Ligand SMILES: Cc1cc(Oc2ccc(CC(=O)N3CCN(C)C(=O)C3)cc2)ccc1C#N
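Below sits a lone chain in structure tokens, taken as the form solved without the named molecule.
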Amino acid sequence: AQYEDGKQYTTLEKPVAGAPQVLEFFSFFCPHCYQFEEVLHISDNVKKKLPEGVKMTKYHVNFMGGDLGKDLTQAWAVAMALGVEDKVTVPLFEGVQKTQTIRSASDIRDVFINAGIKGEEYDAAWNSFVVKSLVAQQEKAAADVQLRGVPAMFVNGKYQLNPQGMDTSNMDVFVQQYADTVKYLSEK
């Protein structure tokens, strides 16, 4: 077959009911995740190949970066709660991996304030139980798919993308194969 179970994707032994149709896990400490976001724009190209309005979800993980990694999961919950993902993703990746200026929770906050989120608004969100529930949702989703590495993408809670075997000599062709594979999986 052109798309083979065990090759370009793997079938979860324990499917996840009610899972988002497209579910991505990442860490701001994760180098391939930085590439997937700012160099390849995987999510945006996957979105362009899927039907209008399909549910795409992106969650942060705790298992990289120790204490600051877990602060970033909570900051990503703030980003989701406020709808400012597109304003903070690049500066958070740069702060962790490029400049290494993000060393504390206060440095994470600085990124949000520089991006235009008012300090009072950030602090109210950070301390809110809406954000605690989003943190719990991110942890539970990772536990559901039994997650040990990022970046990772899961489709309809049933299939995991496997990019390892794909030709990466041309970034545009790779991104196209990735997105067409997500499309194929979503149509199964």
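Start at 1 with the first residue shown and count on from there.
Only in words, not in the display: the form solved in complex with the named molecule, which the text now covers.
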Counting ligand atoms of the named molecule within 2.4 Å of any backbone or C-beta atom, after superposition from its pose in the entry with it bound, shows the site to be open
Does residue 50 reach the named molecule in the entry with it bound if we count a contact as any heavy atom within 4.5 Å? no
Do residue 125 and the named molecule come within 4.5 Å of each other in the entry with it bound, heavy atoms counted? no
Residue 133 near the named molecule in the entry with it bound, any heavy atom under 4.5 Å? no
With the cut-off set at 4.5 Å between non-hydrogen atoms, does residue 11 touch the named molecule in the entry with it bound? no
Can you name the residues of 89 to 116 that have a heavy atom within 4.5 Å of the named molecule in the entry with it bound? none
